[PDB]
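Peer 1: This is the structure I have questions about; it appears just below.
We did not get these values from a lab; they are worked out from the coordinates using the rules stated. As a convention, Cβ positions derive from the backbone with ideal geometry for all residues, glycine included, and neighbour counts pool all protein chains shown.
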């Protein structure tokens, strides 16, 4: 008589992505979903079954403000890309990537290049379960 289930407990989050400049010119993959509860679309607050992982085809949107209805289980935040045919590019991209927890700001990343600035990096990977 010592009766508990001590494992894991999923948690609320919100995430907020911003693309503008030349963004629909680079092949990337929006993970945002939950592996338990539904997701909620920043456009109208429609609510959506699970999981749903996007791809380059589904990346033609500027900015998006997604949040969980109940509790997530698995989530990730990875900016990574792939080299899809030619594309040339010229003008910059700005990526602003903020992840929030249940009531606070924990992860906050901004990308902006245009071939002509020395920085030792170009990408991010993060995982939350």
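Peer 1: Within segment 57-73, track down each residue that is in a loop (DSSP other than H, G, I, E, B) and either more than 19 Å from residue 93 (Cβ to Cβ) or touching a helix residue (DSSP H, G or I) at 6+ places or on another chain (Cβ under 6 Å) (or both).
Peer 2: Narrowing segment 57-73 to residues in a loop (DSSP other than H, G, I, E, B): 59-62, 69-73.
69, 70, 71, 72, 73, listed by residue number.
Peer 1: Name the residues in segment 92-129 that are in a loop (DSSP other than H, G, I, E, B) and either in contact (Cβ under 8 Å) with a residue 40 or more places away in the chain or more than 24 Å from residue 22 (Cβ to Cβ) (or both), would you? Before the answer, list the steps.
Peer 2: Pass one, segment 92-129, residues in a loop (DSSP other than H, G, I, E, B): 92, 102-104, 114-126, 129.
Residues satisfying the conditions are 92, 102, 103, 104, 123, 124, 125, 126, 129.
Peer 1: What residue, among those in segment 74-84 that are closer than 12 Å to residue 13 by Cβ and in a loop (DSSP other than H, G, I, E, B), is nearest to the chain's Cα centre (by Cα)? First the steps, then the outcome.
Peer 2: Start the filter on segment 74-84 by keeping residues that are closer than 12 Å to residue 13 by Cβ, which leaves 74-77.
Narrowing further to those that are in a loop (DSSP other than H, G, I, E, B): 74, 77.
Details: 74: 13, 77: 5 Å.
Among those that are closer than 12 Å to residue 13 by Cβ and in a loop (DSSP other than H, G, I, E, B), it is 77.
Peer 1: Would it be correct to say that residue 8 is loosely packed, with under 14 Cβ neighbours inside 10 Å and touching a residue at least 24 places away in the same chain (Cβ under 8 Å)?
Peer 2: yes
Peer 1: Determine if segment 46-55 includes at least one residue that is touching a strand residue (DSSP E or B) at 6+ places or on another chain (Cβ under 8 Å), assigned to a strand (DSSP E or B) and without any contact (Cβ under 8 Å) to a residue 12 or more places away in the chain.
Peer 2: Yes; the residues of segment 46-55 include at least one that is touching a strand residue (DSSP E or B) at 6+ places or on another chain (Cβ under 8 Å), assigned to a strand (DSSP E or B) and without any contact (Cβ under 8 Å) to a residue 12 or more places away in the chain.
Peer 1: Right, here's the next one. Could you check, for segment 76-96, whether at least one of its residues is within 24 Å of residue 40 (Cα to Cα), out of contact with any strand residue (DSSP E or B) (no Cβ under 9 Å at 6 or more places or on another chain) and loosely packed, with under 11 Cβ neighbours inside 10 Å?
Peer 2: At the first step, the residues of segment 76-96 found to be within 24 Å of residue 40 (Cα to Cα) are 76-80, 95-96.
The next check asks that each one be out of contact with any strand residue (DSSP E or B) (no Cβ under 9 Å at 6 or more places or on another chain); those that pass are none.
No - not one qualifying residue is present in segment 76-96.
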